[PDB]
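Chain and residue survey
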Amino acid sequence: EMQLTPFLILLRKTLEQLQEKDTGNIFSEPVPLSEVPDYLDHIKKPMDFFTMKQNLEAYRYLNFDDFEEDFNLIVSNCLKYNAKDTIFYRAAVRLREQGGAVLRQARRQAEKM
Ligand SMILES: Oc1cccc2cnccc12
């Protein structure tokens with residue numbers, strides 16, 4: 001029970017804060033299938049921050065869970081695909097940790113709406 005425009009402004013700010021935590025920009029764009037040919041073998045729904053931005057602007061995120069679930073896919077896909085001893089796996093752990101605090105604060109703000 002809130003107005004659409006302030007909520008989308010909040011999601012835009014939140015997405016920018018999450019992208020800031022991905023300092024290597026390894027999640028900024030879809031995983032390039034041309035360089036990872038086996039990626040889709042067990043990754044059923046790829047996700048990335050650019051796709052999240054397009055979903056946001058297409059009005060596909062109307063509650064915080066819609067938005068947070070796609071963020072969680074970025075993390076979980078990366079933990080699934082990559083071995084634990086890789087920078088990519090550890091980057092997803094770091095993003096989960098640093099991004100979780102960003103998400104908790106942003107969800108508090110949405111609940112004031
Ligand atoms: O090759 C990649 C490039 C950027 C991100 C990736 C996330 N998981 C597996 C592979 C990736």
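Parameters and conventions
- As presented, residues are numbered from 1 along each chain according to the written sequence, a scheme that may differ from that of the entry, and residues lacking coordinates are left out.
- Only hydrogens and water are set aside when side-chain values are computed; all heavy atoms of the structure are taken into account.
- Residues with missing side-chain atoms are left out of burial classes, side-chain pairs and their counts.
- The criterion for a residue being near a molecule or strand is simple. One of its heavy atoms has to lie within 4 Å of it.
- Polar contact criterion, stated in full: a pair of N or O atoms within 3.5 Å, where within protein one must be able to donate a hydrogen and the other to accept it, and residues adjacent in sequence count only if both atoms are side-chain atoms.
- Here the accessible surface of atoms and residues is derived via Shrake-Rupley with a 1.4 Å probe, and residues count as covered only by protein chains that are part of the display.
- Classes in brief: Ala, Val, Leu, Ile, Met, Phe, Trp, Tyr, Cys and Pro nonpolar; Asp, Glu, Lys and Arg charged; the others, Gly included, polar.
- For helices, the axis comes from a line fit to the C-alpha atoms of the stretch in contact; other axes are also lines fit to C-alpha atoms, and the angle between any two N-to-C directions lies between 0 and 180 degrees.
- Secondary structure elements are taken from DSSP: a helix is a run of H or I of four residues or more, a strand is a run of E of two residues or more, and numbering for both begins at the N terminus.
- Orientation is classified from the angle alone, with under 35 degrees giving roughly parallel, over 145 giving roughly antiparallel, 65 to 115 giving roughly perpendicular, and any other angle giving oblique.
- Helix crossings are classified by the rotation of the near helix relative to the far one: an anticlockwise turn of less than a right angle makes the crossing left-handed, while a clockwise turn makes it right-handed.
- Any pair of residues with heavy atoms lying within 4.5 Å of one another is described as a contacting pair.
- The set of buried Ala, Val, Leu, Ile, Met, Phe, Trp, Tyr and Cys residues whose side-chain atoms join them within 4.5 Å is what this entry labels a nonpolar core.
- Using a 1.4 Å probe on the protein chains alone, a residue whose accessible area is under 20% of its type maximum counts as buried, one over 50% counts as exposed, and one in between counts as partly exposed.
- Salt bridge, as used here, is a side-chain nitrogen of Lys or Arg placed within 4 Å of a carboxyl oxygen of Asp or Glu.

Per the deposited record, X-ray crystallography is how this structure was determined, to a resolution of 1.630 Å.

We now examine the site of the ligand. Every residue lining the ligand is accounted for by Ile26, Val31, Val36, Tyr81, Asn82 and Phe88. In the environment of the ligand, a nitrogen atom lies 3.0 Å from a nitrogen or oxygen atom belonging to the side chain of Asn82. If the ligand stood free it would expose 280 Å²; the protein chains cover 84% of that surface. Along the lines of polarity and charge, the residues of the shell around the ligand split into five nonpolar, one polar and no charged.

The N-to-C vectors of helix α2 (residues 49-57) and helix α3 (residues 64-81) enclose an angle of 165°; their axes lie 10 Å apart at closest approach. For the element pair α2 / α3, the angle class is roughly antiparallel. Considering the relative orientation of α2 and α3, their crossing is right-handed. The segment α2 lies against α3, with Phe49, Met52 and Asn55 engaging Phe67, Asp70, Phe71 and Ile74.

In terms of nonpolar packing, the biggest core is built from 28 residues, with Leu11, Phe49, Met52, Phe67 and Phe71 touching the most fellow members. When contributions to this core are tallied by element, the ones reaching two or more residues are α1 (4-21), α2, α3 and α4 (87-111).

A separate point is the pattern of salt bridges. Scanning the model with the defined rule gives five salt bridges in all. The shortest N-O distance in the salt bridge between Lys53 and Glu57 comes to 3.3 Å. Taken together, the positions of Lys53 and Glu57, both in helix α2 and four residues apart, correspond to about one turn of that helix. With relative accessibility at 33%, the residue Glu57 sits in the partly exposed group. Of the charged contacts in the structure, one is a salt bridge between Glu68 and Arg107, with a shortest N-O distance of 3.3 Å. Placement of the pair is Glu68 in helix α3 and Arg107 in helix α4, with a sequence separation of 39 residues.

Packing of α1 against α4 leaves a shortest axis separation of 9 Å and a crossing angle of 160°. Classified by the angle between their axes, α1 and α4 sit roughly antiparallel to one another. As α1 packs across α4, the resulting crossing turns out to be right-handed. Two secondary-structure elements touch here, α1 through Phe7, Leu10, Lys13, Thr14, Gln17, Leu18 and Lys21 and α4 through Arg94, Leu95, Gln98, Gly99, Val102, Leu103, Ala106, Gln109 and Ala110.

The next thing to look at is the side chain of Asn77. Mapped onto the secondary structure, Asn77 falls in helix α3. At a separation of 2.9 Å, a polar atom in the side chain of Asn77 contacts the main-chain carbonyl oxygen of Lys45. Discounting residues that sit within four places of it in the chain, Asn77 has contacts with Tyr39, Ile43, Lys45, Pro46 and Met47.

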